[PDB]
Amino acid sequence: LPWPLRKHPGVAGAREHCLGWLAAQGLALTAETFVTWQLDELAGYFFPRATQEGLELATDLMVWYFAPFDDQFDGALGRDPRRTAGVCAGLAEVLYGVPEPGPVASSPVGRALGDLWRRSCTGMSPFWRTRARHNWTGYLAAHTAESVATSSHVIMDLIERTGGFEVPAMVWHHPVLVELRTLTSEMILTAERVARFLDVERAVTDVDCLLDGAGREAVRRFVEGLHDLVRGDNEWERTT
Amino acid sequence: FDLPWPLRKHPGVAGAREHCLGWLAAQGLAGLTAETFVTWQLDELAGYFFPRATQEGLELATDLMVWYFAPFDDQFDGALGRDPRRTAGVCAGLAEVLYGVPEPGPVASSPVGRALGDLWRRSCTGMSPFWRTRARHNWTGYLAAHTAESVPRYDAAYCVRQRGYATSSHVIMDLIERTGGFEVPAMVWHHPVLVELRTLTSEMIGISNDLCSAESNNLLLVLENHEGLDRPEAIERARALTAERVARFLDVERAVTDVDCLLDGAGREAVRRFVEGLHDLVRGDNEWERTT
């Protein structure tokens, strides 16, 4: 890739913190795949300029993706017409908090998802909370539809959360950033996507006529975070 | 035009015109302000968009589309709409209305902002939190795309997708449920089949809109400047794009039964009425374009 490689400090400490979060959520085996697949290292590559709290959050979400969440879709589309859809629906009920959340909200995966969402929303504005809750809903939905848009969009929503900044919503939906997010999610034929990325990235200065100083700095850190998702994912695949 | 679906119309347009006049009066949005029904016939357009609504829902749709034409669009009339840093400001401050902000700005408390507040509060009524989040997201997506359309931006398919994102239909279809008294479950709303049906509907509506209001990011002018076509050639090309999207819509529409294995009876009925509402959007928009 044409971008430098960066890695986060707390990969060890987050690895320690995660091992407690797994126990305090009833997820203690499947943790033998967390240390085998090197998910903490992937969290270190995805979010290098994140705070320690942010790296702990992203690591927890990564293990939530590989161990408990997929242990529900283990062998779906063979014995689950509406069971997988009620699991996804129940987790969305954990996101929204409905009067009757059901047994899915009291399960370790659902409790842990409630904790992850509770931590992800801290400090963020209602625009980020609404947009990220919508991206979570679409992820769970399209993940249900595959029993007859991957998880990269919520991670790209996590760049702002773990980075201690926020991109304004009016330029968040600008077609330049939308296309950059689509090309980024595709790379997670590839040289054409890299060239197209480096071409669309020039137009990032065309959205500075609607921004201020802090906003332009926010868009800078978001596009850099996409660089880090691509190069870091490439590294983690490379050393595995 | 010459679409495969029948033209259907809500019978209660006349009451909606009167309720809507009273609503305009109450919200401080109104002499020389009653040129919205006489010449632009927005009550009948509301009837074409939501012919299966309740009377209350039809009245809400009418209020929304009048809010679209007179107050909202007035802010961007003539040369006011070619200012990036101003259109961005109005759109952002209107977006504030849709969220609970402690100390809103002065545009949030302006007449257009308070009217938008009433439209949003009424829209949320009786809808689940899933619908509120999703439709609110679609609202801000519309406002941001309009902001993007305020600056000179430039394949044809990319421009059609952009014009579809920047048209209002992405909120309009969110109202099919609200005005009709049902709700599509969130786990199937985002199903690729329904997503593609919504995309095709929006693209067709934006092709009609640009085809009529092309008097630049407009599809017709974009085809003229970038494919070397003259006006009749660009118009015919737009008809070709509409036709191919009709065909695609009728193709993937048959796959709606793939979501039956995910739903109960009420859900399947909801999806059915939603697709019919898409039919009503395309056909009604074409008719209203023909007469108005």
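These protein sequence lines map, in sequence, to chains B and A.
Residue numbering for the first sequence is 9 to 36, 41 to 160, 180 to 219, 263 to 314, as defined by PDB author numbering.
Residue numbering for the second sequence is 7 to 36, 40 to 163, 169 to 229, 238 to 314, as defined by PDB author numbering.
Yeah, the Cβ is synthetic: ideal placement off N, Cα and C, and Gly gets one too.
With 16 other Cβ atoms within 10 Å as the buried cut-off, status of residue 153 of chain A: buried
Alpha-carbon spacing of residue 103 of chain A relative to residue 148 of chain A, whole angstroms: 10 Å
Where residue 253 of chain A falls, given that 16 or more other Cβ within 10 Å makes a residue buried: exposed
Opening and closing residue of the alpha helix (DSSP H) in which residue 26 of chain A lies: 19-32
Cut-off 7 Å between Cβ atoms - residues of its own chain near residue 259 of chain A, not counting five sequence neighbours on either side: 245, 251
Burial state of residue 35 of chain A (16 or more Cβ within 10 Å): buried
Where residue 159 of chain A sits in the DSSP three-state scheme: coil
Residue 157 of chain A and residue 206 of chain B closer than 8 Å at C-beta: yes
Proximity test, Cβ basis, 8 Å: residue 100 of chain B and chain A: yes
Cutoff 7 Å; reference residue 311 of chain A; Cβ partners in own chain excluding five residues on either side: 222, 226
Distance, residue 69 of chain B Cα to residue 131 of chain B Cα: 7 Å
Chain-ordered neighbours of residue 334 of chain A on chain B, where CB pairs are closer than 8 Å: Nothing can be reported for residue 334 of chain A, as the shown portion of chain A is limited to 7 through 314.
Residue from A:46, A:86, A:302 whose Cα sits closest to the Cα of residue 186 of chain A: A:302
Check whether residue 72 of chain B and residue 29 of chain B have beta carbons under 8 Å apart: yes
Within 7 Å of chain A by C-beta, residues of the segment 85-99 of chain B in sequence order: 93, 94, 97
Integer-rounded CB distance, given that residue 211 of chain B should sit under 8 Å from residue 271 of chain B: 7 Å
Cβ-Cβ distance between residue 160 of chain A and residue 289 of chain A below 8 Å: no
Test item: CB-CB of residue 217 of chain A and residue 178 of chain A under 8 Å: yes
Alpha-carbon to alpha-carbon, residue 83 of chain B and residue 306 of chain B: 26 Å
Under 8 Å (Cβ pairs) to chain B, residues found in the segment 197-217 of chain A: 199, 200, 201, 202, 203, 204, 205, 206
Beta-carbon contacts of residue 224 of chain A that lie in its chain and below 7 Å, excluding the five residues immediately before and after: 177, 240, 241, 242
Stretch pair the segment 133-140 of chain B + the segment 187-199 of chain B: three plus CB contacts closer than 8 Å: yes
DSSP three-state assignment for residue 219 of chain B, whether helix, strand or coil: coil
Residue 224 of chain A (DSSP reduced to helix, strand or coil): helix
First and last residue of the uninterrupted alpha helix (DSSP H) at residue 308 of chain B: 287-312
Selection of the segment 114-148 of chain A by Cβ proximity to chain B, strictly under 7 Å: 138, 139, 142, 143, 145, 146
Distance, residue 127 of chain B Cα to residue 105 of chain B Cα: 14 Å
Exposure of residue 53 of chain A, with buried meaning 16 or more beta-carbon neighbours within 10 Å: buried
Buried versus exposed call for residue 91 of chain A [16 or more other C-beta atoms within 10 Å across all chains shown]: exposed
Neighbour list for residue 156 of chain A in chain B, Cβ cutoff strictly below 7 Å: 201, 284
Local conformation of residue 201 of chain B per DSSP, three classes: helix
Residue 276 of chain B classed as buried or exposed, judged by whether at least 16 other C-beta atoms fall within 10 angstroms: exposed
Contacting residues, own chain, Cβ-Cβ under 7 Å from residue 299 of chain B (five flanking each side not counted): 190, 194
Closest residue to residue 119 of chain A among A:144, A:80, A:141 (Cα-Cα distance): A:80
Limits of the alpha helix (DSSP H) - the one that residue 71 of chain B falls within: 64-76
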